[PDB]
Amino acid sequence: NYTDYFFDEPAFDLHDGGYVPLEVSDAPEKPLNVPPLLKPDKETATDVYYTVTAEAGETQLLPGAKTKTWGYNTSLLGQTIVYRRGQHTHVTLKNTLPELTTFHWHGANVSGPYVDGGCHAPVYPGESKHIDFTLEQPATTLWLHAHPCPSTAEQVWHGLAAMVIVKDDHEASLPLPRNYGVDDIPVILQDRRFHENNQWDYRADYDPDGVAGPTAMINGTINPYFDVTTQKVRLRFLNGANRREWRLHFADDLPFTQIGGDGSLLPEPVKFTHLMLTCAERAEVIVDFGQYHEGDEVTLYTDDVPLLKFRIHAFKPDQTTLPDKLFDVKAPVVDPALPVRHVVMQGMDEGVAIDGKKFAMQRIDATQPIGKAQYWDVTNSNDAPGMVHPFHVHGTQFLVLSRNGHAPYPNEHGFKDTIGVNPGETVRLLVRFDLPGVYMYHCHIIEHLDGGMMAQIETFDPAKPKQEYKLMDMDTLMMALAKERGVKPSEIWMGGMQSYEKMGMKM
Ligand SMILES: [Ag+]
Ligand SMILES: [Ag+]
Ligand SMILES: [Cu+2]
Ligand SMILES: [Cu+2]
Ligand SMILES: [Cu+2]
Ligand SMILES: [Cu+2]
């Protein structure tokens, strides 16, 4: 039973300069929103068709005025999208927002830079784009979010994020809760700051070192409760915050068992009383409420702040038990002739950088052949006290081999796409790209992302000549935004610009 957070306590966000503590809202407690499942336009055993529509609207979050929000196929966040390993997936990306966006499938092993939906995949106002892909990767929880470069931070803040569930045959065979919305629920962890008339104001809250508001928002709900009607419940934790770290535990120190990470089931279940998640990380846990009587309640906390109340209703006894082993991890081979790649994250605030530079949308920072796993050493250069930087790579699911030459954390033996790197620490990852393209790698503190803590790698088939890709440029991006907002390029405000400008550089 893991009873403490794994990360280095001195580097926790709560020691940040200008740390924003969470405060319990006075808003009335209400049922946790569970995003509906997006209904396919059509579906067979072999093909599924979806239309995913970015849209602007309004959402009742606090008593009083509705908060203006953005969402996918709804006003805030999104309907949950289900993908299936081996199923040919066809998606119409529709943008009905007043500004351009991008549709990034975080953790999905798809081609880049277009299907990947990163910096180079704009979808302009009024436009529809079509993509198709077949996922060949294990069952897991992924997510969809906006990824214009910039500002990913602003678009996520507005509400553009949705859970993506990947199903496969192996997971389906297992005794896990799986009744979506009944005993299997998203827990998208975010925070916001509400201004006058219950509005969000990213610009007013902007901080190049990471934006955090004092009001926790879970699945777009303030002060939620969940009605438990089964002994066991599956929680799909997703850290969807711009910066905040979640340090999760129950009252009574009720234990819970992690069965999944970002990219796969864990090889074996891992039991915990206290679990920490950095930005973009996912943890699927099973909670067993068998020791509670009907009518009782149990609250989930982050640090000393209540997040989510579980109300215990009558439930049937559950006699099932987790197998000793959930999933077999097959590590790809590493060609000994390959170098160990060294990636160095540095800086904070406006001076964030990777390998001595801020992102430049037309600069390739690295290449790697497809189909060849390589060791990546990833270092967080910050001296103590520092912050934990969650490092993320597009177009892959990696394995974690070591932290400072020692074992990874107990819940890091499955496939992952995002890893918290502590000040002074070097983590060794095993990284392979199955598909050619251009893929970002960056910190997932989203203000750091926007502020230039990002690079891109061109993965290539060595049997073919170098491919040419149409990369977005910053002049094109700013022209578009200018037209869209009815202003001149020079008066455009974007999250991340301040970091570039203050360091005298440009994207
Ligand atoms: Ag900092
Ligand atoms: Ag740019
Ligand atoms: Cu992401
Ligand atoms: Cu990503
Ligand atoms: Cu960072
Ligand atoms: Cu990214």
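The first residue in the sequence is number 1, and the count goes up from there.
- For the pair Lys30 and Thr221, the minimum side-chain heavy-atom distance is below 4.5 Å.
- Between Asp417 and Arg282, at least one side-chain N (NZ, or NE/NH1/NH2) sits under 4.0 Å from a carboxylate O, which counts as a salt bridge.
- Residues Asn95 and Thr101 have side chains that never bring a donor and an acceptor to within less than 3.5 angstrom of each other.
- Not a single donor-acceptor pair under 3.5 Å links the side chain of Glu350 to the backbone N or O of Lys502.
- If you take CE on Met494 and CE on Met474, they are separated by 3.5 Å, rounding to the nearest 0.5 Å.
- Under the rule for a ring pair (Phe, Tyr, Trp, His ring centres under 6.0 Å), the partners of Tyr2 that lie at least two apart in sequence or sit in another chain are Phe6, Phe272.
- Annotation: the span from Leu93 atom CG to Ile131 atom CD1 amounts to 4.5 Å, rounded to 0.5 Å.
- Residue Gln137 holds its CD atom at 9.5 Å from OG1 of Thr396, rounded to the nearest 0.5 Å.
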Carefully, step by step, assess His195 and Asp205 under the rule side chain to side chain donor-acceptor pair (under 3.5 Å).
CA-CA 10 Å; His195 293 75; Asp205 295 318; 3.2 Å; yes

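- In this structure, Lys66 places its NZ atom where more than 12 heavy-atom neighbours from other residues, nucleotides or ligands lie under 6.0 Å away.
- Using a 4.5 Å cut-off on side-chain heavy atoms (C-beta onward), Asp209 and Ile445 make no contact.
- Remark: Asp377 pairs with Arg428 by the salt bridge (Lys or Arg N to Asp or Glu O under 4.0 Å) rule, at least two apart or across chains.
- The ring pair (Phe, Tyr, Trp, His ring centres under 6.0 Å) test applied to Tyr439 returns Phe433, not counting sequence neighbours.
- Atom-to-atom distance recorded for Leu430:CG and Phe398:CZ is 10.5 Å, nearest 0.5 angstrom.
- Among residues two or more places apart in sequence or in another chain, the ring pair (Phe, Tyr, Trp, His ring centres under 6.0 Å) test is passed with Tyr375 by none.
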Candidate pair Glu9 and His15, rule side chain to side chain donor-acceptor pair (under 3.5 Å), full reasoning
CA-CA 9 Å; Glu9 182 290 328; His15 304 296; 2.7 Å; yes

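- Contact detail for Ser151 and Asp450: the closest heavy-atom pair is OG-OD2, 2.6 Å.
- Using a 4.0 Å cut-off between a side-chain N of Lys or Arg and a carboxylate O of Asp or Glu, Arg247 and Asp13 qualify as a salt bridge.
- Electrostatic pairing of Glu55 and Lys94 does not count as a salt bridge here, judged by no charged N lying under 4.0 Å from a carboxylate O.
- With sequence neighbours left out, the side-chain contact (heavy atoms from CB on, under 4.5 Å) criterion links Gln362 to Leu471, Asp473.
- For the pair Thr140 (side chain) and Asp262 (backbone), a donor-acceptor distance under 3.5 Å is present.
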Decide ring pair (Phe, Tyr, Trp, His ring centres under 6.0 Å) for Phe133 and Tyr83; before the verdict, give the C-alpha distance in whole Å, the side-chain angles of both, and the deciding distance to 0.1 Å.
CA-CA 10 Å; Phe133 54 88; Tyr83 294 144; 5.4 Å; yes

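- Looking at every heavy atom in both residues, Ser75 comes nearest to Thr59 through OG-OG1, 2.6 Å.
- Side chains of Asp303 and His249: no donor on one and acceptor on the other come within 3.5 Å.
- Surrounding CG of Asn404 are more than 12 heavy atoms belonging to other residues, nucleotides or ligands, all under 6.0 Å away.
- Distance check: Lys129 NZ to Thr102 OG1 gives 11.0 Å after rounding to the nearest 0.5 Å.
- Looking at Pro186 and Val34, their side chains come closer than 4.5 Å, going by heavy atoms from C-beta outward.
- Residues satisfying the salt bridge (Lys or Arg N to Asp or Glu O under 4.0 Å) test with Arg244, not counting sequence neighbours, are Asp191.
- The aromatic rings of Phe359 and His120 sit tilted relative to each other, their planes meeting at an angle between 30° and 60°.
- For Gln374, the side-chain contact (heavy atoms from CB on, under 4.5 Å) criterion is met by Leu338, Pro339, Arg341, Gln368, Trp376, not counting sequence neighbours.
- Of all non-hydrogen atoms in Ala280 and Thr418, the two that sit nearest each other are CB-OG1, 3.9 Å.
- Nearest approach of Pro98 to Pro125, heavy atoms of both residues: O-CG, 3.5 Å.
- Using a 4.5 Å heavy-atom threshold, the side chains of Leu62 and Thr67 count as separate.
- Taking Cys279 as the reference, nothing meets the disulfide bond (SG atoms under 2.5 Å apart) condition, with sequence neighbours excluded.
- Closest non-hydrogen pair, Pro208 versus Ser499, comes out as CB-OG, 3.4 Å.
- At a threshold of 4.5 Å between non-hydrogen side-chain atoms, the residues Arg203 and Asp201 count as touching.
- Remark: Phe103 pairs with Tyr72 by the ring pair (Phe, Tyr, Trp, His ring centres under 6.0 Å) rule, at least two apart or across chains.
- Using a 30° and 60° split on the angle between ring planes, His394 and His104 fall in the parallel class, below 30°.
- With hydrogens and angles disregarded, no donor-acceptor distance shorter than 3.5 Å links the side chain of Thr379 to the backbone of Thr426.
- Residue pairs meeting the salt bridge (charged side-chain N to carboxylate O under 4.0 Å, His left out) criterion with at least one partner in residues 394-414, sequence neighbours excluded, are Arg403-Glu412, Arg403-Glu425.
- In this structure, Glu196 places its CD atom where only 12 or fewer heavy-atom neighbours from other residues, nucleotides or ligands lie under 6.0 Å away.
- Of all non-hydrogen atoms in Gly112 and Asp116, the two that sit nearest each other are CA-CB, 3.8 Å.
- Listed by chain and number, the residues in a salt bridge (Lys or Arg N to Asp or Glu O under 4.0 Å) with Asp365 are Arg363 (sequence neighbours excluded).
- Side chains of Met276 and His274 form no contact here, defined as non-hydrogen atoms less than 4.5 Å apart.
- Using cut-offs of 30° and 60° for the angle between ring planes, the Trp200 and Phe194 rings count as tilted.
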Is there a salt bridge (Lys or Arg N to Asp or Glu O under 4.0 Å) between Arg432 and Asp434 once you walk through the steps?
CA-CA 6 Å; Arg432 185 219 254 162; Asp434 298 324; 3.6 Å; yes

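- Classification of the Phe12-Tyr5 ring pair by plane angle, with boundaries at 30° and 60°, yields perpendicular.
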Walk me through whether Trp143 and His392 qualify under ring pair (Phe, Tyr, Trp, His ring centres under 6.0 Å).
CA-CA 13 Å; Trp143 54 311; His392 170 59; 8.7 Å; no

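- By the 4.0 Å N-to-carboxylate-O rule, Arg243 lies close enough to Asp16 to be salt-bridged with it.
- Interatomic distance, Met217 CE to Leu76 CG, rounded to the nearest 0.5 Å: 6.5 Å.
- The shortest distance between side-chain heavy atoms of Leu248 and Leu189 falls below 4.5 Å.
- Among residues two or more places apart in sequence or in another chain, the side-chain contact (heavy atoms from CB on, under 4.5 Å) test is passed with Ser264 by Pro138, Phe327, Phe415.
- Side-chain atoms of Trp246 and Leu238, non-hydrogen and from C-beta on, never get closer than 4.5 Å to each other.
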